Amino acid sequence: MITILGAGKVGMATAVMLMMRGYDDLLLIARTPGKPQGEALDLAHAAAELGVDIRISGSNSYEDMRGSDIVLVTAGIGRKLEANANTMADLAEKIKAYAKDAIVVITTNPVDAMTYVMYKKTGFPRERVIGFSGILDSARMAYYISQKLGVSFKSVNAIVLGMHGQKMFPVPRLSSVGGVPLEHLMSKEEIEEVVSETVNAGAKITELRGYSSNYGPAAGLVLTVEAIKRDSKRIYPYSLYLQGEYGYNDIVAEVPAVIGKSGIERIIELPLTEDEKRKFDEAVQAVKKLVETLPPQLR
C-alpha cells in the first residue's frame, strides 16, 4: 500500500488521482482528529461508483503506515513557510520508526530545502529520499511552449535543471518540439517569455485562485508512483541529495535521474556549456541559502 501524509489540498488531489488509477490500496494519515477518516470515507464512496476495488482508509495513527512501499509526503503548509522544516523533522522520526525501508517523495516547499531536512533526519539512503521538482517544471514549460506554437504539449521535450524556485532554469539548447530544436522555432524574446511564465507559474496561481499549486504536484506524484511500481528505469528530473554529481555534494538540486522499484538508480549529468554551468551554480547557491536560514538543529 501507498501511504499519504497530509490530508490537505495537495494530499487529497493525490488521493483522488491515485484512486482513479487503482495502483494499490492507499492510506490517509493526518494529525487533525477525524479529518483523514472523514475524507477517506467520501473518497471510498467515489471509488464505489467508479468501481475501483482498491481499499481506501484514513487514520490519525502514524504507526499504521507500517508496511508501506511508498510514503508520499505532502503534509506541508501552503502559500497565501520554512516552518515546514519542523513538520518534516517531526514526520522524519515517524517514518524512520514505521517505514524504514520505504521510498519517500516530498511535495512540501521549499522542496529542495525540505528534501535536505528529511534526508538528514531519516538517515535514509539518498536513493530513497526524493524531492518532487522537475516533472512539474518540465510540464509547465511544455505547456507554455505549446500554447504559443499551437501544438500539443505531448510533443514538446523540455529540459530543466537547478532547483524548484526563483533560480530554476530551463535548458533550451536541449529542448525541442516534434524533433525540431526549440531555439529554431522561437526568437530569444519568445524563449525568455516562456521561461518567465514557467518560473512564475506557481506564484501566478496563487495570485489568481488564492492558494498555491496542488493538482500539479498531485499529478506528478501519480507518475512517480507508476514509475516505481513498474520498475520502469525512467529518466525524470527530481530534487536529490548530491554526492559529487554535477561537481557538488552535501547539497540538494533538481537533476535528471533514473528512478526504479527501489528508488533512484543513478543521477544523469547533462552535457552543459559554461553558461548553463553558471546558471546551475546559481541554483545550488540559492538552495544554499535556504538551508543556511534553517536552525542548526534542523540541519
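We number the residues from 1 along the sequence you see.
Unmodelled stretch separating residue 184 from residue 185: none (count of deposited-sequence residues without coordinates).
On average the C-alpha atoms of 86 to 94 have higher B-factors than those of the other stretch, with 219 to 227 and 86 to 94 being the two compared. A summary of the deposited B-factors shows that, of 202 to 210 and 184 to 192, the stretch with the larger mean C-alpha value is 184 to 192. Of the candidates 131, 125, 78, 150, the PDB record gives 78 the highest C-alpha temperature factor. Which of 38, 33, 271, 51 has the largest Cα B-factor in the deposited entry comes down to 271. Per the PDB record, residue ranking by Cα B-factor puts residue 141 in the middle third of the chain. In the PDB entry, a CA B factor belonging to the middle third of its chain's modelled residues is recorded for residue 74. Annotation for residue 166: C-alpha temperature factor in the highest third relative to the rest of the modelled chain, per the entry. In the PDB entry, residue 241 places in the middle third of its chain by CA B-factor. Per the PDB record, residue ranking by Cα B-factor puts residue 42 in the lowest third of the chain.
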